[PDB]
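To keep things clear, I will list the structure first and then write my remarks on it.
There are 2 protein chains.
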Amino acid sequence: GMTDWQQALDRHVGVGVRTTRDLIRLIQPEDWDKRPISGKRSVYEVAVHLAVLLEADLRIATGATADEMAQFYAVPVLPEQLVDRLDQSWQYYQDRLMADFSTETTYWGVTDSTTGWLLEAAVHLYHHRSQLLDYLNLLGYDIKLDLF
Amino acid sequence: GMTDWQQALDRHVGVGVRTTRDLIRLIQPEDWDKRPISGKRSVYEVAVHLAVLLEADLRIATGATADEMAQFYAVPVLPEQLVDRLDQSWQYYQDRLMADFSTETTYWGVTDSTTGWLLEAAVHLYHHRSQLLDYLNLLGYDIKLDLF
Ligand SMILES: [Cl-]
Ligand SMILES: [Cl-]
Ligand SMILES: [Cl-]
Ligand SMILES: [Cl-]
Ligand SMILES: [Cl-]
Ligand SMILES: [Cl-]
Ligand code: NI
Ligand code: NI
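Encoded structure:
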């Protein structure tokens, strides 16, 4: 079973993940290195951050070191593995969601509860899903996907 | 007192609100009617939706009718009242956050728990905060605000 907050997170983070998966599948080959907002991440770089962040944030939450995270971020996610990678991150999140895990103060020093970290990763996901959506719309995709 | 999920929401939605307030205060007079993404809301229209959505969503959640919502959305929020309006919405949210409210199936028919609706309004806030940030960065503001 699960609590009402776990149910809420599973629902809303699952929407986040399924809609992100759909957006990634829209992306055309030509567009991966495009940077619609000069100064910011490319389409592909937004996509990779989205694909890994649900796991990254929870690893950060459980005490991963700066080097451990560098090693984590350095594992390449090629465009064809992005969905597979998102799915893996979503599974990791779901397992933490249901199991009592222990949080620790992060290496750069942010402290939050297990429940707070689970919410942080959720809103971080919606932050970057929005970014990706803005990029694709900047590129003329005119997206008509139900986001809520 | 409050539960661990209420604490998490108060923390993360409060960050959302304070950072949004800061972004709105950056916006220059000339930019309010600009539409950096052709086809989408203007800067001012994103800002107004952000200012009201924490209350709008919870009203929708408690059974507001289509006409009631039309009447709600039609109340004008002038650029100089935007922060005041956001603050009002945040207060409304905080009061619902702490008090057991009853949800009803929406008029267009979405059903969710009280806890799910409180999370929905949170992720909806982060969705549009991201949009506003992308717009201002599209307009050369080069924002250096800590968003998390
Ligand atoms: Cl799934
Ligand atoms: Cl970026
Ligand atoms: Cl981020
Ligand atoms: Cl405040
Ligand atoms: Cl829009
Ligand atoms: Cl929306
Ligand atoms: Ni991020
Ligand atoms: Ni919206």
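Those protein sequences? They're chains A and A', same order as listed. A prime marks a further copy of an entry chain. One point on numbering: in PDB author numbering, the residue at position 27 of the first sequence is 26, and numbering is uninterrupted. One point on numbering: in PDB author numbering, the residue at position 63 of the second sequence is 62, and numbering is uninterrupted. Even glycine gets a Cβ: it sits at the ideal position worked out from N, Cα and C.
Query                                                                                                             : Result
Among A:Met1, A:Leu81, A:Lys39, A:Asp56, the one whose alpha carbon lies nearest that of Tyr134 (chain A)         : A:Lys39
Beta-carbon proximity of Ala60 (chain A) to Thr102 (chain A), cut-off 8 Å                                         : yes
Terminal residues of the alpha helix (DSSP H) in which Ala50 (chain A') lies                                      : 42–60
Assumed close pair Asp56 (chain A), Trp116 (chain A) - CB separation to whole angstroms, cut-off 8 Å              : 7 Å
Proximity of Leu8 (chain A') and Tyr140 (chain A') at Cβ, strictly below 8 Å                                      : no
With 16 other Cβ atoms within 10 Å as the buried cut-off, status of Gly0 (chain A)                                : exposed
Contact with chain A' by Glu119 (chain A), beta-carbon distance below 8 Å                                         : yes
Burial state of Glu54 (chain A), where buried means 16 or more other Cβ atoms lie within 10 Å                     : buried
Status (buried if at least 16 other CB within 10 Å, exposed otherwise) for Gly13 (chain A')                       : exposed
Helix, strand or coil at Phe100 (chain A) according to DSSP, with G and I counted as helix                        : coil
Short CB-CB distance (under 8 Å) between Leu53 (chain A) and chain A'                                             : no
Distance, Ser88 (chain A') Cα to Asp83 (chain A) Cα                                                               : 39 Å
Interface positions of the segment 20–46 of chain A facing chain A' (Cβ-Cβ less than 9 Å), listed along the chain : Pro35, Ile36, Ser37, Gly38, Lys39
N-terminal and C-terminal residue of the alpha helix (DSSP H) that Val12 (chain A) is part of                     : 3–25
Closer than 7 Å: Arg17 (chain A) CB and nearest ligand 1 heavy atom                                               : yes
Contact belief for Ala121 (chain A) with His48 (chain A) at Cβ below 8 Å, rounded distance in angstroms           : Not really, about 15 Å apart at Cβ, beyond 8 Å.
Neighbour-count burial assignment, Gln130 (chain A'), 16 or more Cβ in a 10 Å radius                              : buried
Buried or exposed (CB count within 10 angstroms, at least 16 for buried), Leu96 (chain A')                        : buried
Residue 191 (chain A) (DSSP reduced to helix, strand or coil)                                                     : Nothing about residue 191 (chain A) can be read from this structure; chain A reaches only from 0 to 147.
Interface flag, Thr114 (chain A) vs chain A', CB-CB below 8 Å                                                     : yes
Cβ of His48 (chain A') within 8 Å of any chain A Cβ                                                               : no
Any non-hydrogen atom of ligand 8 closer than 7 Å to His126 (chain A) Cβ                                          : no
Test item: CB-CB of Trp4 (chain A') and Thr114 (chain A') under 8 Å                                               : yes
Neighbour-count burial assignment, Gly15 (chain A'), 16 or more Cβ in a 10 Å radius                               : buried
4 or more residues per run - each alpha helix (DSSP H) lying fully within the segment 74–99 of chain A            : 81–97
Given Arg20 (chain A') as reference, the closest of A':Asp86, A':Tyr72, A':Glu67 once Cα atoms are compared       : A':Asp86
Terminal residues of the alpha helix (DSSP H) in which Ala69 (chain A) lies                                       : 65–72
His123 (chain A): CB within 7 Å of a non-hydrogen atom of ligand 3                                                : yes
Among A:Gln90, A:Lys143, A:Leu132, A:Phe147, the one whose alpha carbon lies nearest that of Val45 (chain A)      : A:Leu132
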